[PDB]
$ cat upload.txt   # compact mmCIF, C-alpha atoms and all ligand atoms
# COMPACT_ATOMS: atom_id res chain seq x y z
CA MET A 1019 -23.58 48.45 31.27
CA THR A 1020 -22.77 47.36 34.82
CA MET A 1021 -24.65 44.08 34.30
CA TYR A 1022 -22.80 43.60 30.99
CA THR A 1023 -19.40 44.09 32.63
CA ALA A 1024 -20.34 41.83 35.56
CA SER A 1025 -21.44 39.07 33.18
CA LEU A 1026 -18.22 39.44 31.18
CA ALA A 1027 -16.18 39.11 34.38
CA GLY A 1028 -18.18 36.11 35.59
CA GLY A 1029 -18.01 34.22 32.31
CA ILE A 1030 -14.28 33.60 32.70
CA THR A 1031 -14.77 31.07 35.52
CA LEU A 1032 -17.84 29.36 34.02
CA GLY A 1033 -16.90 25.76 33.25
CA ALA A 1034 -19.94 24.73 31.20
CA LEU A 1035 -22.82 26.37 29.34
CA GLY A 1036 -25.55 23.73 29.08
CA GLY A 1037 -26.48 23.43 32.75
CA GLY A 1038 -26.04 25.08 36.13
CA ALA A 1039 -23.42 27.50 37.42
CA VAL A 1040 -20.40 25.21 37.68
CA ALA A 1041 -17.21 27.15 38.33
CA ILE A 1042 -13.46 26.62 38.00
CA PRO A 1043 -10.64 28.27 39.95
CA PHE A 1044 -9.33 31.56 38.57
CA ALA A 1045 -5.79 30.15 38.60
CA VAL A 1046 -6.86 27.46 36.11
CA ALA A 1047 -8.09 30.14 33.70
CA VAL A 1048 -4.84 32.07 34.17
CA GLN A 1049 -2.87 28.90 33.41
CA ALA A 1050 -4.93 28.35 30.25
CA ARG A 1051 -4.16 31.91 29.14
CA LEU A 1052 -0.46 31.33 29.84
CA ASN A 1053 -0.53 28.14 27.76
CA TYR A 1054 -2.17 30.11 24.95
CA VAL A 1055 0.68 32.64 25.13
CA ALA A 1056 3.31 29.89 25.18
CA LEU A 1057 3.16 26.14 25.80
CA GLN A 1058 4.27 25.71 29.41
CA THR A 1059 6.87 22.97 29.90
CA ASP A 1060 7.61 23.23 33.66
CA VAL A 1061 4.48 21.85 35.31
CA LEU A 1062 6.10 21.23 38.70
CA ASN A 1063 7.67 24.68 39.13
CA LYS A 1064 4.56 26.81 38.74
CA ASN A 1065 5.05 30.37 40.01
CA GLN A 1066 1.63 32.00 39.75
CA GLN A 1067 2.14 33.44 43.26
CA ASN B 1264 21.82 22.20 25.32
CA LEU B 1265 24.96 21.11 27.18
CA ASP B 1266 24.36 17.44 26.30
CA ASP B 1267 24.22 18.27 22.55
CA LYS B 1268 20.46 17.61 22.45
CA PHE B 1269 18.31 19.82 20.24
CA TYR B 1270 15.58 21.88 21.90
CA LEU B 1271 12.82 24.17 20.66
CA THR B 1272 11.46 27.24 22.43
CA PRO B 1273 8.88 29.92 21.60
CA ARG B 1274 10.16 33.48 21.35
CA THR B 1275 7.36 34.96 23.49
CA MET B 1276 8.40 33.01 26.61
CA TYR B 1277 11.38 30.77 27.34
CA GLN B 1278 9.73 27.33 27.55
CA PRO B 1279 12.30 24.84 26.21
CA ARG B 1280 11.06 21.45 25.03
CA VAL B 1281 12.74 18.43 23.48
CA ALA B 1282 12.70 18.36 19.69
CA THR B 1283 11.29 15.39 17.76
CA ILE B 1284 11.46 14.34 14.12
CA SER B 1285 7.83 15.39 13.55
CA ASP B 1286 8.84 19.04 14.13
CA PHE B 1287 11.11 19.13 11.05
CA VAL B 1288 10.71 19.33 7.28
CA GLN B 1289 13.24 17.66 4.98
CA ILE B 1290 14.73 19.57 2.03
CA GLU B 1291 17.41 18.77 -0.53
CA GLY B 1292 19.85 21.65 -0.16
CA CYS B 1293 21.75 23.00 2.83
CA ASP B 1294 22.47 26.56 3.94
CA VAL B 1295 25.81 27.96 5.06
CA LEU B 1296 24.37 28.90 8.46
CA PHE B 1297 23.17 25.34 9.18
CA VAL B 1298 24.71 23.20 11.91
CA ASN B 1299 26.38 20.08 10.53
CA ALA B 1300 25.25 16.74 11.94
CA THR B 1301 25.12 13.01 11.24
CA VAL B 1302 22.34 10.46 11.56
CA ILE B 1303 23.30 9.68 15.17
CA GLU B 1304 23.06 13.32 16.28
CA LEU B 1305 19.61 13.82 14.72
CA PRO B 1306 16.61 14.10 17.07
CA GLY B 1307 14.90 10.81 17.86
CA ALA C 1215 -24.47 48.06 -3.39
CA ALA C 1216 -26.62 50.55 -1.48
CA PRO C 1217 -27.27 54.31 -1.70
CA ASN C 1218 -23.92 55.97 -0.91
CA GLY C 1219 -22.45 52.73 0.37
CA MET C 1220 -22.97 49.00 0.68
CA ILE C 1221 -24.66 46.24 2.67
CA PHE C 1222 -23.02 43.07 3.99
CA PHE C 1223 -24.80 39.75 4.53
CA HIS C 1224 -22.78 37.79 7.10
CA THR C 1225 -23.55 34.07 7.41
CA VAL C 1226 -22.77 32.55 10.82
CA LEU C 1227 -23.21 29.19 12.50
CA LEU C 1228 -25.81 29.09 15.28
CA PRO C 1229 -25.44 26.14 17.68
CA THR C 1230 -28.54 24.45 19.06
CA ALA C 1231 -27.01 21.76 21.30
CA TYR C 1232 -23.89 20.90 23.29
CA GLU C 1233 -21.91 17.67 23.68
CA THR C 1234 -20.52 17.06 27.20
CA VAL C 1235 -17.14 15.32 27.45
CA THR C 1236 -14.63 14.61 30.21
CA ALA C 1237 -11.43 16.45 29.26
CA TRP C 1238 -7.90 16.05 30.61
CA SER C 1239 -5.11 18.63 30.63
CA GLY C 1240 -2.46 15.99 29.96
CA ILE C 1241 -1.38 12.38 30.37
CA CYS C 1242 0.97 11.20 33.11
CA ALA C 1243 2.64 8.16 31.53
CA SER C 1244 4.55 5.63 33.64
CA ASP C 1245 6.82 3.48 31.45
CA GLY C 1246 8.29 1.22 34.10
CA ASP C 1247 10.18 3.44 36.54
CA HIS C 1248 10.22 6.35 34.05
CA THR C 1249 7.36 8.76 34.79
CA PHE C 1250 6.85 11.59 32.29
CA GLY C 1251 4.04 13.76 30.96
CA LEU C 1252 2.43 14.33 27.59
CA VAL C 1253 0.65 17.59 26.75
CA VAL C 1254 -1.33 18.51 23.65
CA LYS C 1255 0.87 20.46 21.25
CA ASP C 1256 -2.05 22.49 19.87
CA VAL C 1257 -3.68 24.46 22.69
CA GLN C 1258 -6.86 24.88 20.62
CA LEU C 1259 -7.69 21.16 20.91
CA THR C 1260 -9.46 19.35 23.76
CA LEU C 1261 -8.39 15.82 24.71
CA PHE C 1262 -10.96 13.32 25.97
CA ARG C 1263 -11.59 9.57 26.19
CA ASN C 1264 -14.23 7.48 24.43
CA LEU C 1265 -16.03 4.36 25.68
CA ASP C 1266 -13.21 2.09 24.47
CA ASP C 1267 -10.62 4.07 26.50
CA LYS C 1268 -9.12 5.53 23.31
CA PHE C 1269 -7.91 9.13 23.39
CA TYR C 1270 -9.54 11.61 21.02
CA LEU C 1271 -8.98 15.27 20.16
CA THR C 1272 -11.63 17.80 19.17
CA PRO C 1273 -11.65 21.52 18.36
CA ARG C 1274 -13.70 23.73 20.65
CA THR C 1275 -15.39 25.64 17.81
CA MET C 1276 -17.15 22.53 16.45
CA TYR C 1277 -17.40 18.97 17.77
CA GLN C 1278 -15.28 17.06 15.24
CA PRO C 1279 -13.62 14.21 17.17
CA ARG C 1280 -10.52 12.59 15.68
CA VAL C 1281 -8.17 9.85 16.84
CA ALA C 1282 -5.09 11.09 18.68
CA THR C 1283 -1.58 10.14 17.56
CA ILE C 1284 1.84 10.44 19.18
CA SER C 1285 2.77 13.34 16.88
CA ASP C 1286 0.09 15.49 18.57
CA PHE C 1287 1.85 15.41 21.96
CA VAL C 1288 4.88 17.04 23.59
CA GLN C 1289 6.88 15.18 26.25
CA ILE C 1290 7.80 16.89 29.53
CA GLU C 1291 9.50 15.73 32.71
CA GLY C 1292 6.98 16.59 35.41
CA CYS C 1293 3.34 15.66 35.88
CA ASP C 1294 0.36 17.71 37.05
CA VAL C 1295 -2.23 16.69 39.62
CA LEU C 1296 -5.04 17.05 37.06
CA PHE C 1297 -3.39 14.64 34.60
CA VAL C 1298 -4.87 11.24 33.78
CA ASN C 1299 -2.59 8.38 34.82
CA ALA C 1300 -1.63 5.88 32.14
CA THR C 1301 0.94 3.25 31.19
CA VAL C 1302 2.83 2.58 27.97
CA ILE C 1303 0.09 0.27 26.69
CA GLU C 1304 -2.66 2.88 27.11
CA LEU C 1305 -0.69 5.59 25.27
CA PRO C 1306 -1.86 6.58 21.77
CA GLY C 1307 -0.26 4.62 18.95
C1 LIG D 1401 29.61 22.13 7.49
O1 LIG D 1401 30.00 21.35 6.38
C2 LIG D 1401 30.10 22.10 5.18
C3 LIG D 1401 30.30 21.14 4.03
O2 LIG D 1401 31.54 20.48 4.17
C4 LIG D 1401 31.20 23.15 5.32
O3 LIG D 1401 31.21 24.02 4.21
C5 LIG D 1401 32.55 24.17 3.70
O4 LIG D 1401 33.21 25.23 4.35
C6 LIG D 1401 34.55 25.41 3.92
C7 LIG D 1401 35.21 26.41 4.84
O5 LIG D 1401 34.57 27.66 4.72
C8 LIG D 1401 34.55 25.82 2.45
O6 LIG D 1401 35.86 25.96 1.94
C9 LIG D 1401 33.85 24.74 1.63
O7 LIG D 1401 33.70 25.12 0.29
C10 LIG D 1401 32.47 24.44 2.20
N1 LIG D 1401 31.87 23.33 1.51
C11 LIG D 1401 30.64 23.33 0.96
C12 LIG D 1401 30.24 22.04 0.29
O8 LIG D 1401 29.90 24.30 0.98
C13 LIG D 1401 30.96 24.01 6.56
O9 LIG D 1401 32.04 24.87 6.83
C14 LIG D 1401 30.73 23.13 7.78
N2 LIG D 1401 30.43 23.94 8.94
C15 LIG D 1401 31.08 23.88 10.12
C16 LIG D 1401 32.21 22.89 10.19
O10 LIG D 1401 30.79 24.58 11.07
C1 LIG D 1402 -28.24 16.88 17.39
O1 LIG D 1402 -29.34 16.54 16.57
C2 LIG D 1402 -29.43 15.17 16.28
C3 LIG D 1402 -30.51 14.97 15.24
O2 LIG D 1402 -31.76 15.35 15.78
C4 LIG D 1402 -29.68 14.38 17.57
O3 LIG D 1402 -29.60 12.99 17.34
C5 LIG D 1402 -30.76 12.34 17.90
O4 LIG D 1402 -30.54 11.97 19.24
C6 LIG D 1402 -31.66 11.37 19.86
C7 LIG D 1402 -31.37 11.22 21.33
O5 LIG D 1402 -30.31 10.31 21.52
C8 LIG D 1402 -31.98 10.05 19.15
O6 LIG D 1402 -33.15 9.46 19.66
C9 LIG D 1402 -32.22 10.32 17.67
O7 LIG D 1402 -32.37 9.13 16.94
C10 LIG D 1402 -31.04 11.09 17.07
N1 LIG D 1402 -31.31 11.43 15.69
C11 LIG D 1402 -30.49 11.15 14.67
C12 LIG D 1402 -30.98 11.61 13.32
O8 LIG D 1402 -29.42 10.57 14.79
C13 LIG D 1402 -28.60 14.72 18.59
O9 LIG D 1402 -28.87 14.16 19.85
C14 LIG D 1402 -28.45 16.23 18.77
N2 LIG D 1402 -27.35 16.51 19.66
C15 LIG D 1402 -27.47 16.88 20.95
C16 LIG D 1402 -28.88 17.02 21.47
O10 LIG D 1402 -26.51 17.10 21.67
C1 LIG D 1403 -2.17 9.33 39.60
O1 LIG D 1403 -0.99 8.88 40.21
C2 LIG D 1403 -0.45 9.82 41.13
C3 LIG D 1403 0.92 9.34 41.56
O2 LIG D 1403 0.80 8.14 42.28
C4 LIG D 1403 -1.43 10.03 42.29
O3 LIG D 1403 -1.00 11.08 43.13
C5 LIG D 1403 -1.06 10.66 44.50
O4 LIG D 1403 -2.33 10.94 45.06
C6 LIG D 1403 -2.47 10.53 46.40
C7 LIG D 1403 -3.92 10.66 46.80
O5 LIG D 1403 -4.31 12.01 46.74
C8 LIG D 1403 -1.51 11.34 47.27
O6 LIG D 1403 -1.55 10.93 48.62
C9 LIG D 1403 -0.08 11.13 46.77
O7 LIG D 1403 0.83 11.96 47.44
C10 LIG D 1403 0.02 11.43 45.28
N1 LIG D 1403 1.33 11.09 44.79
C11 LIG D 1403 2.12 11.92 44.08
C12 LIG D 1403 3.45 11.33 43.67
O8 LIG D 1403 1.80 13.06 43.77
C13 LIG D 1403 -2.81 10.41 41.75
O9 LIG D 1403 -3.79 10.43 42.75
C14 LIG D 1403 -3.26 9.43 40.67
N2 LIG D 1403 -4.52 9.84 40.10
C15 LIG D 1403 -5.62 9.06 40.03
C16 LIG D 1403 -5.47 7.67 40.59
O10 LIG D 1403 -6.67 9.44 39.54

$ encode --input "upload.txt" --output "structure tokens" --more "lines below"
Ligand SMILES: *[C@@H]1O[C@H](CO)[C@@H](O[C@@H]2O[C@H](CO)[C@@H](O)[C@H](O)[C@H]2NC(C)=O)[C@H](O)[C@H]1NC(C)=O
Ligand SMILES: *[C@@H]1O[C@H](CO)[C@@H](O[C@@H]2O[C@H](CO)[C@@H](O)[C@H](O)[C@H]2NC(C)=O)[C@H](O)[C@H]1NC(C)=O
Ligand SMILES: *[C@@H]1O[C@H](CO)[C@@H](O[C@@H]2O[C@H](CO)[C@@H](O)[C@H](O)[C@H]2NC(C)=O)[C@H](O)[C@H]1NC(C)=O
Amino acid sequence: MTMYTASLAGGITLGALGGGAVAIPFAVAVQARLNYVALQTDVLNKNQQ
Amino acid sequence: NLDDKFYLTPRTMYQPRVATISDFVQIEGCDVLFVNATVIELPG
Amino acid sequence: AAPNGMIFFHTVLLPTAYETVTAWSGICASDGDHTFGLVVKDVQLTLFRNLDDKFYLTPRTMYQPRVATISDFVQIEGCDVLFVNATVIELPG
């Protein structure tokens, strides 16, 4: 169970599946989730802080 | 908006965006609660 | 039907290979002195470029590339750092 949860957590930042462990920033994943919720139209004034 | 330009926003989050002609469907009739406009005022 | 119930046969797609593409989160278009951005209207689609520098869109469930048109994009004022730079000529028809 702990390995399962760790793998679930680590899969969020995995950029590709066919090769090595290439990662993306967590903020990029958060921005993708935000775009899924609603299409963001203010690119300059990002306030993820 | 203030400049009489039509905008579209989702209801989950306020993310206004400019409206284009491809976002609309044309129908014959009109409703009472529709905003009146001419060809010039229509979105580009 | 089954004793005191039922059985379901679910048929699913099993992938055996992956296509690698270079994807962009948007296009920063510079028409003269007017710089604006174009983002994909459907968040379920991935935008990439072919060998002939033509923009294509594909779903992430299955690799089904299709040519991108202007009606698939939303115009915004600002640009992001991770956007591909382009001019009016390079924009989709
Ligand atoms: C938009 O234009 C329509 C059509 O002219 C207007 O509807 C008229 O409203 C008046 C006032 O209530 C009625 O007496 C007429 O019978 C209506 N005409 C039709 C054809 O339905 C409407 O009021 C206008 N909306 C505005 C100006 O906000
Ligand atoms: C999906 O399978 C097809 C069919 O086997 C693969 O296409 C082959 O690709 C190799 C390598 O370039 C060529 O030598 C063969 O001629 C192709 N076969 C056919 C029938 O076109 C394809 O590469 C696979 N997709 C992958 C591995 O991503
Ligand atoms: C796309 O064009 C923009 C705007 O000119 C480039 O952003 C500049 O990048 C340089 C190098 O990192 C910075 O010093 C500038 O400050 C940036 N300018 C602005 C206005 O942000 C961007 O690098 C270009 N992308 C390419 C060529 O791939």

$ atom_distance --input "upload.txt" --atom1 "atom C6 of ligand LIG 1402 (chain D)" --atom2 "CA of residue 1266 in chain C"
21.2 Å

$ residues_near_ligand --input "upload.txt" --ligand "ligand LIG 1402 (chain D)" --cutoff "8 Å" --atoms "only C-alpha atoms and all ligand atoms" --output "compact mmCIF listing (two decimals) with C-alpha atoms, in the frame of the given file"
# COMPACT_ATOMS: atom_id res chain seq x y z
CA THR C 1230 -28.54 24.45 19.06
CA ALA C 1231 -27.01 21.76 21.30
CA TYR C 1232 -23.89 20.90 23.29
CA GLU C 1233 -21.91 17.67 23.68

$ residues_around --input "upload.txt" --residues "residue 1268 in chain C" --least-positions-apart "2" --cutoff "8 Å" --atoms "all atoms listed in the file" --output "list in words"
residues 1263, 1264, 1265, 1266, 1270, 1281, 1304 and 1306 of chain C

$ write_last_selection --input "upload.txt" --atoms "C-alpha atoms" --output "short mmCIF file (atom, residue, chain, number, x, y, z; two decimals), keeping the file's coordinate frame"
data_model
loop_
_atom_site.label_atom_id
_atom_site.label_comp_id
_atom_site.auth_asym_id
_atom_site.auth_seq_id
_atom_site.Cartn_x
_atom_site.Cartn_y
_atom_site.Cartn_z
CA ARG C 1263 -11.59 9.57 26.19
CA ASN C 1264 -14.23 7.48 24.43
CA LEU C 1265 -16.03 4.36 25.68
CA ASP C 1266 -13.21 2.09 24.47
CA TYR C 1270 -9.54 11.61 21.02
CA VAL C 1281 -8.17 9.85 16.84
CA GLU C 1304 -2.66 2.88 27.11
CA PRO C 1306 -1.86 6.58 21.77
#

$ residues_near_ligand --input "upload.txt" --ligand "ligand LIG 1401 (chain D)" --cutoff "7 Å" --atoms "all atoms listed in the file" --output "list in words"
residues 1295, 1298 and 1299 of chain B

$ axis_aligned_box --input "upload.txt" --around "ligand LIG 1403 (chain D)" --padding-each-side "6 Å" --output "AutoDock Vina command-line options"
--center_x -1.6 --center_y 10.4 --center_z 44.1 --size_x 22.1 --size_y 17.4 --size_z 21.1

$ interface_residues --input "upload.txt" --of "chain C" --to "chain A" --cutoff "8 Å" --atoms "all atoms listed in the file" --output "JSON, numbers by chain"
{"C": [1232, 1255, 1257, 1290, 1291, 1292, 1293, 1294]}

$ interface_residues --input "upload.txt" --of "chain C" --to "chain B" --cutoff "8 Å" --atoms "all atoms listed in the file" --output "VMD selection string"
chain C and resid 1285 1288 to 1290

$ closest_residue --input "upload.txt" --among "B:1296, B:1303, B:1277, B:1287" --to "chain A" --atoms "all atoms listed in the file"
B:1277

$ residues_near_ligand --input "upload.txt" --ligand "ligand LIG 1403 (chain D)" --cutoff "12 Å" --atoms "only C-alpha atoms and all ligand atoms" --output "list in words"
residues 1062 of chain A; 1238, 1240, 1241, 1242, 1243, 1244, 1247, 1249, 1250, 1251, 1292, 1293, 1294, 1295, 1296, 1297, 1298, 1299, 1300 and 1301 of chain C

$ atom_distance --input "upload.txt" --atom1 "CA of residue 1248 in chain C" --atom2 "CA of residue 1269 in chain B"
20.9 Å

$ atom_distance --input "upload.txt" --atom1 "CA of residue 1239 in chain C" --atom2 "CA of residue 1305 in chain C"
14.8 Å

$ residues_around --input "upload.txt" --residues "residue 1044 in chain A" --least-positions-apart "6" --cutoff "10 Å" --atoms "all atoms listed in the file" --output "JSON, numbers by chain"
{"A": [1030, 1031, 1032, 1050]}

$ decode --input "upload.txt" --residues "range 1269-1307 of chain B" --atoms "N, CA and C atoms" --output "CSV table (one decimal), in the first residue's frame"
chain,number,residue,atom,x,y,z
B,1269,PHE,N,-18.4,41.9,-26.8
B,1269,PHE,CA,-18.9,40.6,-26.2
B,1269,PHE,C,-17.8,39.8,-25.7
B,1270,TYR,N,-18.0,39.2,-24.5
B,1270,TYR,CA,-17.0,38.3,-23.9
B,1270,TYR,C,-17.7,37.1,-23.4
B,1271,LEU,N,-17.0,36.0,-23.3
B,1271,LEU,CA,-17.4,34.7,-22.7
B,1271,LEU,C,-16.6,34.3,-21.6
B,1272,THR,N,-17.3,33.8,-20.5
B,1272,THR,CA,-16.5,33.3,-19.3
B,1272,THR,C,-17.1,32.0,-18.8
B,1273,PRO,N,-16.3,31.1,-18.4
B,1273,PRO,CA,-16.9,29.9,-17.7
B,1273,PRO,C,-17.4,30.3,-16.3
B,1274,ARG,N,-18.4,29.5,-15.8
B,1274,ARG,CA,-19.0,29.8,-14.5
B,1274,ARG,C,-18.3,29.2,-13.4
B,1275,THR,N,-17.3,28.3,-13.6
B,1275,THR,CA,-16.5,27.8,-12.5
B,1275,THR,C,-15.5,28.8,-12.0
B,1276,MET,N,-14.8,29.5,-12.9
B,1276,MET,CA,-13.9,30.5,-12.6
B,1276,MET,C,-14.0,31.7,-13.6
B,1277,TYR,N,-13.8,32.9,-13.1
B,1277,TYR,CA,-13.9,34.1,-13.9
B,1277,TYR,C,-12.7,34.2,-14.8
B,1278,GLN,N,-12.8,33.8,-16.0
B,1278,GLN,CA,-11.7,33.8,-17.0
B,1278,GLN,C,-12.2,34.4,-18.3
B,1279,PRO,N,-12.5,35.7,-18.4
B,1279,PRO,CA,-13.1,36.3,-19.6
B,1279,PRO,C,-12.2,36.1,-20.8
B,1280,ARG,N,-12.8,35.9,-21.9
B,1280,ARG,CA,-12.1,35.8,-23.2
B,1280,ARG,C,-13.0,36.4,-24.3
B,1281,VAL,N,-12.4,36.9,-25.3
B,1281,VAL,CA,-13.1,37.6,-26.4
B,1281,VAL,C,-13.9,36.6,-27.2
B,1282,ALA,N,-15.1,37.0,-27.6
B,1282,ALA,CA,-16.0,36.0,-28.3
B,1282,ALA,C,-15.8,36.2,-29.8
B,1283,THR,N,-15.8,35.0,-30.5
B,1283,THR,CA,-15.7,35.0,-31.9
B,1283,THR,C,-17.0,34.4,-32.6
B,1284,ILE,N,-17.0,34.5,-33.9
B,1284,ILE,CA,-18.2,34.0,-34.6
B,1284,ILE,C,-18.4,32.5,-34.5
B,1285,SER,N,-17.2,31.8,-34.4
B,1285,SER,CA,-17.3,30.3,-34.3
B,1285,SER,C,-17.9,29.8,-33.0
B,1286,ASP,N,-18.1,30.7,-32.0
B,1286,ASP,CA,-18.7,30.3,-30.7
B,1286,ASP,C,-20.2,30.4,-30.7
B,1287,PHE,N,-20.8,30.7,-31.8
B,1287,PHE,CA,-22.2,31.0,-31.9
B,1287,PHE,C,-22.9,30.1,-32.9
B,1288,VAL,N,-24.2,29.8,-32.7
B,1288,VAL,CA,-25.1,29.1,-33.6
B,1288,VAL,C,-26.2,30.0,-34.0
B,1289,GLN,N,-26.5,30.0,-35.3
B,1289,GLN,CA,-27.5,30.9,-35.9
B,1289,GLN,C,-28.9,30.1,-35.9
B,1290,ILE,N,-29.9,30.9,-35.5
B,1290,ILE,CA,-31.3,30.4,-35.5
B,1290,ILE,C,-32.2,31.4,-36.1
B,1291,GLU,N,-33.4,31.0,-36.4
B,1291,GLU,CA,-34.3,31.9,-37.1
B,1291,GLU,C,-34.9,32.9,-36.1
B,1292,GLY,N,-35.6,32.4,-35.1
B,1292,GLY,CA,-36.3,33.2,-34.2
B,1292,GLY,C,-35.4,34.0,-33.2
B,1293,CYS,N,-36.1,34.9,-32.5
B,1293,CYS,CA,-35.4,35.6,-31.4
B,1293,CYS,C,-36.3,35.5,-30.1
B,1294,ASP,N,-35.6,35.6,-29.0
B,1294,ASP,CA,-36.2,35.6,-27.7
B,1294,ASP,C,-36.4,37.0,-27.1
B,1295,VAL,N,-37.3,37.2,-26.2
B,1295,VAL,CA,-37.6,38.5,-25.6
B,1295,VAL,C,-36.3,38.9,-24.8
B,1296,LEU,N,-35.7,38.0,-24.2
B,1296,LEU,CA,-34.5,38.3,-23.3
B,1296,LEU,C,-33.2,38.4,-24.1
B,1297,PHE,N,-33.2,38.6,-25.4
B,1297,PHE,CA,-32.0,38.7,-26.2
B,1297,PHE,C,-31.7,40.1,-26.3
B,1298,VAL,N,-30.4,40.4,-26.4
B,1298,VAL,CA,-29.9,41.8,-26.6
B,1298,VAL,C,-29.9,42.1,-28.1
B,1299,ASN,N,-30.5,43.2,-28.4
B,1299,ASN,CA,-30.6,43.6,-29.8
B,1299,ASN,C,-29.3,44.2,-30.3
B,1300,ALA,N,-29.0,43.8,-31.6
B,1300,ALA,CA,-27.7,44.3,-32.2
B,1300,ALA,C,-27.8,44.3,-33.7
B,1301,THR,N,-26.9,45.0,-34.3
B,1301,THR,CA,-26.8,45.1,-35.8
B,1301,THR,C,-25.6,44.3,-36.3
B,1302,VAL,N,-25.3,44.3,-37.6
B,1302,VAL,CA,-24.2,43.6,-38.1
B,1302,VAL,C,-22.9,44.1,-37.6
B,1303,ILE,N,-22.8,45.5,-37.4
B,1303,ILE,CA,-21.6,46.1,-37.0
B,1303,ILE,C,-21.2,45.7,-35.6
B,1304,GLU,N,-22.2,45.5,-34.7
B,1304,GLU,CA,-22.0,45.2,-33.3
B,1304,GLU,C,-21.7,43.7,-33.1
B,1305,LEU,N,-21.9,42.9,-34.1
B,1305,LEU,CA,-21.6,41.4,-34.0
B,1305,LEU,C,-20.2,41.1,-33.8
B,1306,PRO,N,-19.8,40.1,-33.1
B,1306,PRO,CA,-18.4,39.7,-32.9
B,1306,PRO,C,-17.7,39.4,-34.2
B,1307,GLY,N,-16.5,39.8,-34.3
B,1307,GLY,CA,-15.7,39.6,-35.6
B,1307,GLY,C,-15.4,38.1,-35.8
